[PDB]
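First comes the structure, then the notes that go with it.
Note on naming: letters A, B, ... go to the chains in the order of the sequence lines (proteins, then strands), and numbering restarts at 1 for each one. No hydrogens, no waters, no symmetry mates; every other heavy atom, side chains included, goes into these values.
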Amino acid sequence: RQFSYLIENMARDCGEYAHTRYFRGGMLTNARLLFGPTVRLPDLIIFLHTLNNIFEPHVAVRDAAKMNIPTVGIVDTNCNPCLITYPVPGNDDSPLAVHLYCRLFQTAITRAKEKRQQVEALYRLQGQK
Amino acid sequence: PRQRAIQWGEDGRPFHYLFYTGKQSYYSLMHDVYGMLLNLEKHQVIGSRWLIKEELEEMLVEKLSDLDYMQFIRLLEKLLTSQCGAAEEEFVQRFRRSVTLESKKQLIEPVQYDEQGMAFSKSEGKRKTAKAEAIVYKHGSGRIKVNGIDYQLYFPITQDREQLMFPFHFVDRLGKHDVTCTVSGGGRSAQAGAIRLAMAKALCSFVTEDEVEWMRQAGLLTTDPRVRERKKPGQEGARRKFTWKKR
Amino acid sequence: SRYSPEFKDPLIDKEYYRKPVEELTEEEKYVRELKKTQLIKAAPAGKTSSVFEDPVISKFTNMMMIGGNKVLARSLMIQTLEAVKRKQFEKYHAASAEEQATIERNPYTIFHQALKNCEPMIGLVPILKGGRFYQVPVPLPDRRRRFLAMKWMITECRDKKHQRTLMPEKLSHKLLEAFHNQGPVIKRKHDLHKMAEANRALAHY
Amino acid sequence: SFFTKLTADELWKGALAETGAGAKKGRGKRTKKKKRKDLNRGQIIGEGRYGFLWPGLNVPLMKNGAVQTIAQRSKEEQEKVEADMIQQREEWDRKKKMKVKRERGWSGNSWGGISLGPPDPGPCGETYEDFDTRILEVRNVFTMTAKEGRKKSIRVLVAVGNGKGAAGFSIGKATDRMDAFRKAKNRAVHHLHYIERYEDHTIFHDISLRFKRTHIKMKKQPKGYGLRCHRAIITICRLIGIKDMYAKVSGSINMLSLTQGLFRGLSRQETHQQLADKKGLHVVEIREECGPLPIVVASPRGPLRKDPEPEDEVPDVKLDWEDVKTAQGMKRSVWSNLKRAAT
Amino acid sequence: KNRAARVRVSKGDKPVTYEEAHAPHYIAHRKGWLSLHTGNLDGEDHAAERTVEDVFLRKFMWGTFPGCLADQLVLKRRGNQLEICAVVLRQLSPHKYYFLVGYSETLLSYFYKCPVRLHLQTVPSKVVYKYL
Amino acid sequence: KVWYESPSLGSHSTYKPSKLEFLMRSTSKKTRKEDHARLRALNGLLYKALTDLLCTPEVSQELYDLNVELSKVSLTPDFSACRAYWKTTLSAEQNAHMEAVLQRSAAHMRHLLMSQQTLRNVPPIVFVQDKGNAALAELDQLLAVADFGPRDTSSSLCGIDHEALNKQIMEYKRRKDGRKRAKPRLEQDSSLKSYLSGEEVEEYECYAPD
RNA sequence: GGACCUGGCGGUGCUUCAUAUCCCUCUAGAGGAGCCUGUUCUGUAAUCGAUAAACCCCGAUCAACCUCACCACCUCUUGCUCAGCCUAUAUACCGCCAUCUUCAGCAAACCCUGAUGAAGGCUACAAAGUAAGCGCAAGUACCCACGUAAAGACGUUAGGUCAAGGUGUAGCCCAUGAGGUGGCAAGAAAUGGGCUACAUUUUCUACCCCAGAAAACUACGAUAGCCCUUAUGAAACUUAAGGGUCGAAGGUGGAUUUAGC
Ligand SMILES: [K+]
Ligand SMILES: [K+]
Ligand SMILES: [K+]
Ligand SMILES: [K+]
Ligand SMILES: [K+]
Ligand SMILES: [K+]
Ligand SMILES: [Mg+2]
Ligand SMILES: [Mg+2]
Ligand SMILES: [Mg+2]
Ligand SMILES: [Mg+2]
Ligand SMILES: [Mg+2]
Ligand SMILES: [Mg+2]
Ligand SMILES: [Mg+2]
Ligand SMILES: [Mg+2]
Ligand SMILES: [Mg+2]
Ligand SMILES: [Mg+2]
Ligand SMILES: [Mg+2]
Ligand SMILES: [Mg+2]
Ligand SMILES: [Mg+2]
Ligand SMILES: [Mg+2]
Ligand SMILES: [Mg+2]
Ligand SMILES: [Mg+2]
Ligand SMILES: [Mg+2]
Ligand SMILES: [Mg+2]
Ligand SMILES: [Mg+2]
Ligand SMILES: [Mg+2]
Ligand SMILES: [Mg+2]
Ligand SMILES: [Mg+2]
Ligand SMILES: [Mg+2]
């Protein structure tokens, strides 16, 4: 919760999604009931902290694997990375570490979205002529 | 029912960045309030109530828990205690409802004048099935007429006369007003109660505002709601049950 | 009740309202500004602001009332107060200048003191132990002592031992007896106390 | 009296007696049961005993361009209408009596082995027509409850598979057996294993594992050997697509342990390509029917080792006395190698 | 437990109409009356006769339009006019509905000695208020 | 662990015993198996803290001389109050001295109890003179003041209602003058036979059609 | 037989409880008398049903004939009915209900944990539960937002009712059906509920609350008994009302027990 506000802002700014609140049973494994039969689930889940507030793995780590969603995760030395698709060993506590991670992912995501627009636009201009 | 339109477009991407919380509107509000508390630090009752949980559940158009409502209120209170500016004051008032604080102050009847020019007020009172209408004159000698009869001839029971005395005595105006009242229905005590209430309301036109509030706090301006309870079928009375037969 | 819990009981006391503002404390100032926002119950027909209002006699009258007949109950009360006063005016005129100073002629003072002489300080409770019943002494609250004094007086006057004597003569005679620490009702107080002394060893139950 | 008559629904609800203390606890049993019949089924509006022909209700309104008039079927032709309705009634009864039976399972009264069909199509236009469902166990579970005493629920174990390596199983629990079937089969399709098959007919190597107290020993077999396995394993092997295998189940014969024990062993089998990649050597298959011809079944994708695999004169592998006792002709059993139906 | 006119809860599969879903205590609160006449007003006569006529008309129409009625009848009386308003299905051919309307209006007018009119509203299927 | 169980999953949770947490708690929530343990052991800690303050002269000279002994100390689960009990002395005169000093010391003692930062948040402490049997004490106070005035069946024996039994006889005199139960698991069903029997119960629209 | 789960139970622990309630406390009663009325028992040629809580002025907002289903006698036979049956079975049912309920839970569709065992699924500074249905709630009726009604699921007692009506199954069809005439419906008693009393806060009269008399064997007290009128009816020792006569038990009721915020 020290970084809930920071993470929600980073997600909004890059045009993605954040879930920093209490994780209700079945958000991923029972999503169609909770959201609707046509709900689209995330294609990638990034954990800036893989542990919950009782020092156990965040339930979404297991549930992301159950739903075959790849996970990126900052994994500190007390964390379990077995089920994290792309783990990144790193400090998850210090504000300087967490701020850095948010800048890097925010920038990586923002650059890739701008690159997609550049390529698409070029592919269209060349297509007409 | 204003269930929000599909919360994603054709590509399936949700519109709101907090969609996957399932409570995007509630958490978007908590996020905005938490952010304001941060900015203040970087920079540094009777009139209204808080909105009820069902009124928050309509502003947000979502279902809320009881603890969800509390956390939001605890966060707004934490925002008032700070040096909130004008921008942080329009926001809090969106969640402060105008409590129906219509004053308990008694309404004063108008002072009328008769053919002879004598000032008087008129009011009404109800006790059980008795209904009274009283005319209290601004000046008088303490005469009370009930259906054209002297009050002590109409009310031979001493307790009924004490009830007529109660309003005038409480404001120290015995022997200062003339009253002509008409009462119908109910028994002797209920009629004394109805006249008591009618005279007290009319007498409020000739006393100070503080005296009218003292009469209110003495129970002289409240209609007694205690009326006979209906008998129910299968029991002897309104509350009494038939004897539970010996087993 | 037809009153919502929001309704507060009315305070019928002329003095309470004429009291100046300066004399008021910061706590008493808050209570007065609060009641201006509260709902107040209608004053009951029983109590008024009259200077002759006596809550103790009004309560004794209700404990004598049979089947809602307040007119009859109150008639008996005022007839008792008149009978007490006439008995004392007769004792006063028949006395010497020295004894006259000690003779009370106010029936309200006699009525109040007569009841205070009958109030039992301590009472007993029927307690069960091993299929056997043993009474246990216990202090009595102030409400209970005052209620028992009025219940014993009314009960004694309703006793069938009195043959064809009207209630105002019976009650007036018992009140003047109790006023002098004499009578059956005073004995009932003494007996209850004496029993509560013989069961002191049972106070641990 | 006309006013004392009731509707058919009221009359059947009373006569059938389906709600009541008899039907609450099954206190009444029904070898002879009143069966509801729709008595308005074959009835035509306008047709009565008198045989009147009402134009526009039971006969055509216009005949030869002219409006028909009220007419009455004669006694002879009316008699044939009544007879035809009786035959149509007994004919309707006969057709209903005829019903197509279903093939039994492992035994006549057993649910095990019975097909339940494909799982239901998912909400998002998802379909599983390629999958077959088989029942493995149907149990009656009895729960003691604080206020209601012994209650009866159903636990079902079902397996699903498409016959091409994709198979799964799930438990279902419901008060009604059909609901337990729907829950299990629909859930199983979301817990699918992929099972590797050698030449799409057998396992890649002998598998010997224990799950809890249930032992399963499986042997790779050549084509034509068939499924000589516990009947439940046969059912699962048909769903996976295994045609030739021997299996022996020992210890506890618990259907659930056997099912999940079987899937655990079949999902952890190393293929020949994995063996070649792990050891960087060729996997060469020698078949006695093909003589000394070496058949390379798998080659490493990465570099190929130059050092031969060490030849330990004697391997320290643990052997099954049952396998050895059989190879030495010392295994005598009247029940082994018995003639059985094709599986 | 009270039983009168209460469609009891099932497993969520029994379609009920608005009328069937409301117990008697909701009469005059959430649902109106199925017959309107003056016989039950204070100081009015012939409530007994109006009631028998209503019971007959409901049975007559049930058996005259078998399988066609999609809801209870609404009976209206104005002066000596009797109006029967019925919600029916769209299974019977229109010719049969016109035959039965002409037949029923005529027969009921001669039976009760009053001008009787039948007003039919067709629905594709029984209107479902909720699934109990 | 020991025979005393320590399996709780949320063992790393930071215990928060404060008055504010009680208000922000699910009403449905009930105390867990090992939730009482922390309360039983935290209440004991308060007993330890209070006992040391009484016997150390540094805290207060008046308190030390009293030599007060704490009989019991049990905090409340509400987190609003704390119950502490000290043993009374024989001399009622001495009892008054102890309570007076303890009553005034309590306000300061609370701040001294905050010196234990681990136990900093201490609900206001209540001190209860151990008048365990005040019923006799209060009764005997009134019993001396009180004015006493001038000072001078067989039904249970037998165990039966012999009377009621002989009343019913008198009225009479006047008037005249196992199976097998099947094991539930073996109960037979026909659902499969009905399933195997078969259980078979076997467009365009136009305006002005013809 | 071992281990474990659930339930039940414990002369099992601790804790908090019932709000007209488990006990005490408050008020008026019942239990004693007469009478009214139900039931039981007995009686009779002479119904039936309810019958611990949850029967007992209950089906009946009602039996002189009728009602009536009972008994005796007599009579009819395709029968008021495209017959009839108040015949058996409420342990075949619908219908309408009692009961806990002066309760808050019930049943589905999913999801997850336990190795995919019987099982389990909550922590708000939150740790797997959730989108809907029924009940509660809300809303509505009555004089309010209070109160009182109404409402009150699933399940429990094979609870009540085949005699409201309908009806499954079994039985009767010159009789177990139909009709007529007359008749029973009592009290040796026991018991439930109620009424009226035992009186002086009473009794009678005037009045509807400022009165006068009465007040113990000519008082209080029968709505009972007996006698005579009147009303209703074809029919009244019988039902009701009134009058006359009569003036009894009863002198405020043990254990126990009912109701009321
Ligand atoms: K147990
Ligand atoms: K009594
Ligand atoms: K029933
Ligand atoms: K019936
Ligand atoms: K029957
Ligand atoms: K009685
Ligand atoms: Mg860390
Ligand atoms: Mg009453
Ligand atoms: Mg067979
Ligand atoms: Mg009821
Ligand atoms: Mg009696
Ligand atoms: Mg009987
Ligand atoms: Mg019986
Ligand atoms: Mg019976
Ligand atoms: Mg019973
Ligand atoms: Mg007869
Ligand atoms: Mg008769
Ligand atoms: Mg018969
Ligand atoms: Mg039954
Ligand atoms: Mg309203
Ligand atoms: Mg209400
Ligand atoms: Mg009710
Ligand atoms: Mg409700
Ligand atoms: Mg039964
Ligand atoms: Mg019948
Ligand atoms: Mg017969
Ligand atoms: Mg007399
Ligand atoms: Mg008489
Ligand atoms: Mg006559």
Side-chain angles (χ1 to χ4, degrees), chain A residues 1 22-26 29-30 32-35 52-54 56 59 63, chain B residues 65 67-68 70-71 156-157 225 227 229-230 232 236-247, chain C residues 1-5 7 64-66 69 71-73 75-76 125-126 128 144 158 160 164-167, chain D residues 1 4-6 10-11 13-17 19-22 24-25 27-28 34 141 143-150 169-171 191 211-212 254 256-257 259-260 264, chain E residues 1-4 9 11-12 23 25-26 29-30 130-132, chain F residues 9-10 13-14 16 21 24-26 28-30 32 155 171 174-175:
Chain A
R1 304 184 310 107
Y22 172 79
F23 204 87
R24 289 187 298 148
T29 71
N30 203 12
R32 301 198 176 193
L33 200 59
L34 301 170
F35 300 110
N52 61 27
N53 291 314
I54 59 148
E56 311 293 287
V59 68
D63 286 1
Chain B
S65 178
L67 291 171
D68 286 326
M70 302 182 200
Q71 299 269 352
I157 302 306
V227 296
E229 194 173 289
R230 62 158 289 191
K232 268 67 65 167
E236 188 281 335
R239 302 293 181 83
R240 174 169 240 291
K241 309 296 184 296
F242 293 123
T243 300
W244 190 31
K245 294 189 181 74
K246 171 168 156 176
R247 299 147 299 283
Chain C
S1 169
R2 305 310 304 274
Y3 290 109
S4 75
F7 277 84
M64 280 205 299
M65 178 168 63
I66 294 170
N69 196 6
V71 170
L72 179 57
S75 174
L76 294 173
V125 184
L128 174 57
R144 183 64 172 168
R158 287 173 178 175
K160 301 299 207 198
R164 251 192 62 181
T165 306
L166 298 182
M167 189 70 166
Chain D
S1 184
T4 46
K5 294 177 176 270
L6 299 176
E10 289 164 312
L11 290 165
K13 193 176 175 179
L16 294 173
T19 58
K24 281 179 212 181
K25 316 212 179 178
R27 269 151 172 169
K34 186 66 61 178
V141 290
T143 301
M144 301 295 297
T145 53
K147 295 179 179 179
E148 314 179 11
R150 194 178 296 98
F169 69 97
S170 187
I171 294 167
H191 293 81
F211 184 93
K212 297 182 171 180
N254 177 9
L256 187 53
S257 291
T259 300
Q260 66 193 332
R264 175 185 282 240
Chain E
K1 291 187 292 189
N2 303 321
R3 316 295 297 182
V9 63
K11 301 179 175 178
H25 59 267
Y26 294 122
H29 300 247
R30 300 187 186 177
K130 63 194 291 206
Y131 286 90
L132 276 173
Chain F
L9 177 57
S13 61
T14 56
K16 284 177 280 278
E21 313 293 312
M24 299 295 108
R25 216 187 289 174
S26 310
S28 51
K29 188 208 190 167
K30 302 188 190 295
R32 299 215 65 189
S155 307
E171 184 179 328
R174 298 158 200 278
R175 292 164 156 188

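- Bases of consecutive nucleotides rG84(G) and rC85(G) are stacked, their six-membered rings being centred less than 5.5 Å apart at a plane angle below 30°.
- Base-pair partner of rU181(G): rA72(G) (Watson-Crick or G-U wobble, both distances under 3.5 Å).
- For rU21(G), classification of the furanose by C1'-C2'-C3'-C4' yields a south pucker, on the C2'-endo side.
- Taking 3.5 Å as the upper bound for both contacts, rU91(G) does not pair with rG168(G) in Watson-Crick or G-U wobble fashion.
- Base orientation of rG168(G): anti, the glycosidic angle falling outside 90° of 0.
- Contact annotation for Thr145(D): backbone-only contact, meaning every heavy-atom pair under 4.0 Å involves sugar-phosphate atoms and none involves a base.
- A stacking contact links strand neighbours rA190(G) and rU191(G), their base ring centres being under 5.5 angstrom apart and the planes under 30 degrees.
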Please encode protein proximity along nucleotides 112-132 of chain G as a string of B, S and -, counting only heavy-atom distances under 4.0 Å. SS-BBSSB--BBBBBBBBBB-

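- In this structure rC210(G) sits in no base pair that meets the Watson-Crick or G-U test at under 3.5 Å.
- In terms of polar N and O atoms assigned as donor or acceptor, the side chain of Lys1(E) comes within less than 3.5 Å of the base of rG155(G) in a complementary pairing.
- Geometry at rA199(G) and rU252(G) does not meet the Watson-Crick or G-U wobble definition with both required distances under 3.5 Å.
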Might you work through the side-chain contact (heavy atoms from CB on, under 4.5 Å) test for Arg158(C) and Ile66(C), ending with a clear yes or no? CA-CA 12 Å; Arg158(C) 287 173 178 175; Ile66(C) 294 170; 3.8 Å; yes

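- Taken as a pair, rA190(G) and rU39(G) qualify: Watson-Crick (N1-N3 plus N6-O4 or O6-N4) or G-U wobble (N1-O2 and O6-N3), both under 3.5 Å.
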Using a 4.0 Å heavy-atom cut-off, write out nucleotides 79-91 of chain G from 5' to 3' as B (base contacted by protein), S (sugar-phosphate only) or - (no contact). ---B---------

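- A positive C1'-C2'-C3'-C4' dihedral is found for the sugar of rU258(G), placing it in the north range.
- Base pairing of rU239(G): its partner is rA231(G), meeting the Watson-Crick or G-U wobble criterion (both donor-acceptor distances under 3.5 Å).
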Protein-to-nucleotide contact annotation, 5' to 3' order, nucleotides 137-144 of chain G [B base; S sugar-phosphate only; - none; under 4.0 Å, heavy atom]: -BBSS-BB

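- In this structure, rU196(G) forms a base pair with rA33(G), meeting either the Watson-Crick or the G-U wobble geometry with both donor-acceptor distances under 3.5 Å.
- Contact annotation: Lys11(E) does not reach the phosphate of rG133(G) (side-chain N/O to OP1 or OP2, under 4.0 Å).
- Between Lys130(E) and the phosphate of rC134(G), there is a side-chain N or O to OP1/OP2 separation shorter than 4.0 Å.
- In this structure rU40(G) is paired with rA189(G), meeting the Watson-Crick or G-U wobble definition at both distances under 3.5 Å.
- For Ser26(F) (side chain) and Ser28(F) (main-chain N/O), no donor-acceptor pair under 3.5 Å exists by modelled atom type.
- By the Watson-Crick or G-U wobble test, with both distances required under 3.5 Å, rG254(G) and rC246(G) do not count as a base pair.
- Judged by distance alone, with hydrogens and angles left aside, the side-chain atoms of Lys232(B) form a donor-acceptor pair with the main-chain N or O of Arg230(B) at under 3.5 Å.
- Where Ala23(E) and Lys241(B) meet RNA chain G, the nucleotide closest to each residue was compared, and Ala23(E) sits on the side nearer the 5' end.
- The shortest heavy-atom contact between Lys241(B) and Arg239(B) is NZ-O, 2.7 Å.
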In the 5'-to-3' direction, what one-character label does each nucleotide of nucleotides 201-208 of chain G receive under the scheme B = base within less than 4.0 Å of a protein heavy atom, S = sugar-phosphate only, - = no such atom? B-------

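- The number of heavy atoms from other shown groups lying within 6.0 Å of NZ (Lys5(D)) does not exceed 12.
- Checking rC94(G), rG7(G), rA54(G) against every side-chain atom of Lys13(D), the shortest atom distance belongs to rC94(G).
- Here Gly22(D) lies in heavy-atom contact (under 4.0 Å) with a base.
- Nucleotides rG225(G) and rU245(G) qualify as a pair under the Watson-Crick or G-U wobble definition, both contacts being shorter than 3.5 Å.
- With values rounded to the nearest 0.5 angstrom, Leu9(F) atom CG is found 5.0 Å from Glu56(A) atom CD.
- Counting non-hydrogen atoms of neighbouring residues, nucleotides and ligands closer than 6.0 angstrom, the NZ atom of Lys11(E) reaches no more than 12 such neighbours.
- Residue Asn2(E) has no polar side-chain atom (N or O) positioned under 4.0 Å from OP1 or OP2 of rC96(G).
- Residues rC106(G) and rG133(G) show canonical Watson-Crick or G-U wobble pairing, with both defining distances under 3.5 Å.
- Picking from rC97(G), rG7(G), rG168(G) the nucleotide with the shortest atom distance to the side chain of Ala15(D) gives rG168(G).
- Residues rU191(G) and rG38(G) show canonical Watson-Crick or G-U wobble pairing, with both defining distances under 3.5 Å.
- Phosphate proximity of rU157(G) to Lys24(D): absent, as no side-chain N or O sits under 4.0 Å from OP1 or OP2.
- Base pairing of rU102(G): no nucleotide in any strand meets the Watson-Crick or G-U wobble criterion (both distances under 3.5 Å).
- With its glycosidic angle more than 90° from 0, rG135(G) is assigned anti.
- Taking only distance into account, the side chain of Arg164(C) meets the base of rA215(G) through a donor-acceptor pair shorter than 3.5 Å.
- Backbone-only engagement by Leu132(E) is indicated by non-hydrogen atom pairs under 4.0 Å involving sugar-phosphate atoms exclusively.
- Looking at residues two or more places apart in sequence or on another chain, you find a side chain to side chain contact (heavy atoms under 4.5 Å, CB included) between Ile157(B) and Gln159(B), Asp160(B), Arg188(B), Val71(C).
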Does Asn2(E) form a side-chain contact (heavy atoms from CB on, under 4.5 Å) with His25(E)? I'd like the steps, not just the answer. CA-CA 11 Å; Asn2(E) 303 321; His25(E) 59 267; over 6 Å; no

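- Counting non-hydrogen atoms under 4.0 angstrom, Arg27(D) reaches a base of the nucleic acid.
- Note that CD of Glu236(B) and OG1 of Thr243(B) are 9.0 Å apart. Values are rounded to the nearest 0.5 Å.
- Pair assignment for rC26(G) gives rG260(G), based on Watson-Crick or G-U wobble hydrogen-bonding distances that are each under 3.5 Å.
- Between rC85(G) and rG171(G) there is a Watson-Crick or G-U wobble pairing whose two distances both come in under 3.5 Å.
- Heavy atoms of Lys245(B) sit under 4.0 angstrom from at least one base atom.
- Taken together, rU42(G) and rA186(G) constitute a Watson-Crick or G-U wobble pair, since both relevant N/O distances lie under 3.5 Å.
- With rounding to the nearest 0.5 angstrom, the CZ atom of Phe23(A) is 6.5 Å from the CG atom of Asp63(A).
- Shown here, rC58(G) forms a base pair with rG49(G); the pair counts as Watson-Crick or G-U wobble because both key distances fall under 3.5 Å.
- At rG194(G), one or more side-chain N or O atoms of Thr243(B) fall inside 4.0 Å of OP1 or OP2 (strictly under the cut-off).
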Across nucleotides 30-40 of chain G, 5' to 3', mark each nucleotide with B, S or - according to how protein heavy atoms within less than 4.0 Å reach it. ----------S

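- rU156(G): no Watson-Crick or G-U partner with both key distances under 3.5 Å is found in any strand.
- The shortest distance between the side-chain N/O atoms of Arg150(D) and the OP1/OP2 oxygens of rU6(G) is not below 4.0 Å.
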